[PDB]
Each structure stands twice: as C-alpha cells, then as structure tokens.
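Asks: Below is the structure, and that's it, no one-letter string:
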C-alpha cells in the first residue's frame with residue numbers, strides 16, 4: 001500500500017504507516033512524512049481524491 005505523489009518531474013512515494021505526524025486543517029491535508037532521521041520532509045495533498053484506505057484508517061466510522 002503506497003501513495004504516489006510526484007512533485008514535478010521526480011516521482012516520490014510516501015508510506016501511510018510512516019506518516020506519524022498528521023493533522024487535518026484547511027483543504028489540503030498537511031502531514032510530516034518521516035524520511036531522513038532528522039531532516040523530516042514535509043508536504044501536503046489536496047482531498048480531491050485521497051486513497052480509500054487512508055480515509056477508512058483515519059476516519060474510522062464503522
């Protein structure tokens with residue numbers, strides 16, 4: 001289970017289990033993907049089409 005996220009001409013992937021820091025705010029859900037062991041990258045992603053497993057994981061309705 002991976003999520004594609006190409007910034008421009010460089011494809012990047014972020015794991016859902018490694019994204020510890022996460023908080024919903026505004027339209028774009030911000031997050032802090034751990035990748036460096038000290039640098040800690042950071043980005044965001046709009047909620048126009050988030051994965052199906054990400055919405056069920058955080059939003060545990062039933």
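Replies: Done, it's in. Numbers count the residues shown, from 1 in each chain.
Asks: For stretch 4-23, give me every contacting residue.
Replies: Residues from elsewhere that reach stretch 4-23, judged by CB atoms under 8 Å, 6 or more residues apart in numbering: 1-3, 29-35, 43, 45, 51, 53-54, 57-58. Every residue, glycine included, has its C-beta placed from N, CA and C.
Asks: Could you identify the buried members of the residues you listed?
Replies: 3, 29, 31, 33, 45, 54 (16 or more other CB atoms under 10 Å).
Asks: Show the residue spans covered by the strands in this structure.
Replies: Taking DSSP state E, the strands of the chain run over residues 2-4, 13-15, 19-23, 29-33, 43-45.
Asks: which residues pair with the residue nearest to residue 28 when sequence neighbours are not counted across the strands?
Replies: Distances taken as CB to CB, 6 or more residues apart in numbering put residue 44 closest to residue 28, at 4.2 Å, once the chain neighbours are dropped. With DSSP bridges as the criterion, residue 44 is bridged to residue 30.
Asks: hang on, the earlier thing: any chance of the buried ones among the contacts of stretch 4-23 in CSV, with distance to residue 9 too?
Replies: Output for the buried ones among the contacts of stretch 4-23, formatted as CSV (distance: CB to CB, whole Å):
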residue, distance to residue 9
3, 18
29, 24
31, 22
33, 20
45, 18
54, 25
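Asks: chain center to stretch 49-62: distance?
Replies: Relative to the chain's own centre, stretch 49-62 is displaced by 12 Å; criterion: CA atoms, centre = their mean, to the nearest Å.
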